[PDB]
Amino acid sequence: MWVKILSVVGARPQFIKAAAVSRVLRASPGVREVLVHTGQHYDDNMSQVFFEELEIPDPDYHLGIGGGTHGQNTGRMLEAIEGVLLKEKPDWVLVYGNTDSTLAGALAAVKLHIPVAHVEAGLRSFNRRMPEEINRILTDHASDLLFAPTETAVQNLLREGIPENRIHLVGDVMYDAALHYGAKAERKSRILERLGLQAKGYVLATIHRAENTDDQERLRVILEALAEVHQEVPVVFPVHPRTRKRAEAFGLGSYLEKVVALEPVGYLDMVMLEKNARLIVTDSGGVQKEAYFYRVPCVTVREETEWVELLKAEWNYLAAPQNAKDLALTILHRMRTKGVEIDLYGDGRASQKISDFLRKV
């Protein structure tokens, strides 16, 4: 009767995915849900605020593992998570996205013959030097079920020999999350007030990819470009903590004072800020999809994206950070554009289709 579904989460974006799938498994007939928090994101504004605001039950476990190397974080999460799998003996392990926590969770489980489902599977940058590309490839190939959010993602899995019958195109659970919590965002978040921002009276930015923040010249191009954009249209920038650290370390911390820079915000503020932005500048996977949700034009500050449908649809645009002034003009040019009318990422019921496919198989 009770299938036990154990969820491994470690990062902000995973807490948000999980909140959509938890909601649905909670009120599932005879499903017990166990939640493990790897500890990867520990700070109040990267972790706790999402459990509080998205009504996610307290983790059954917090492994408290974070802030080391790839080897340390992964290695220990592997040992710790196995310890919990041995105690809890679940029927399914679900992993999310593509961090070291995703891979450690999966790898812990497959070695115990515990089935593994990958929520958000089959995405590819085709840059194998990226640690996130390796995590998603190794995760997909270790899983038993692959919950694809797009047709591209499905073709990507088929191309690497993974069979039809283990792939389910379910759309994106982060679209579910945006539907379920938008109202709560309306009636709780006053961030437009607190910042004194008029709706569609600003540009919203996030930047945290390692290929953008570890490289001084890239990080400088971006912060220069955003400060120019701000002269013309205010830039709001909840600054990822690693990004903050890197810009302080290379002596770029002044460009952050020259825009409206914030510590990281919870999901409800973020929804509000995203919704009411004239345009969104990001290097985030989640934020670029979210821009499309609200039909706000987007610029992706990378050489590629895994979300190729947003480019085809013209809601999203690549601007690699080679030149501060070029990137500024690209941003400012794109804010009076829009994309075509199209429905991606499903019906807002990816989580429920996932719940269903898990009680059958």
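When you see a residue number, it is the position in the sequence shown, counting from 1. Think of the rigid core as the biggest set of C-alphas that the two forms share within 1.5 Å after superposition.
Of the two stretches examined, 123-131 and 248-256, the one with higher mean CA deviation in 5 other deposited structures of this protein after a rigid core fit is 248-256.
Between 298-306 and 58-66, the larger root mean square Cα shift in 5 other deposited structures of this protein, once each structure is superposed on the rigid core, falls on 298-306. Comparing the deposited coordinates for 151-159 and 117-125, the stretch with the larger average C-alpha B-factor is 151-159.
The PDB entry records a higher mean C-alpha B factor for 191-199 than for its counterpart among 191-199 and 266-274. Based on the entry's C-alpha B-factors, the most elevated value among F237, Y96, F250, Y181 belongs to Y181.
Of the residues listed, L63, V308, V34, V296, the entry assigns the biggest Cα temperature factor to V34. Annotation for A108: C-alpha temperature factor in the middle third relative to the rest of the modelled chain, per the entry. Annotation for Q216: C-alpha temperature factor in the middle third relative to the rest of the modelled chain, per the entry.
Sort the chain's modelled residues by C-alpha temperature factor and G39 lands in the middle third, per the entry. When the modelled residues of the chain are ordered by their C-alpha B factor, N165 lands in the highest third. Among the modelled residues of its chain, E132 has a C-alpha B-factor that falls in the lowest third according to the deposited record.
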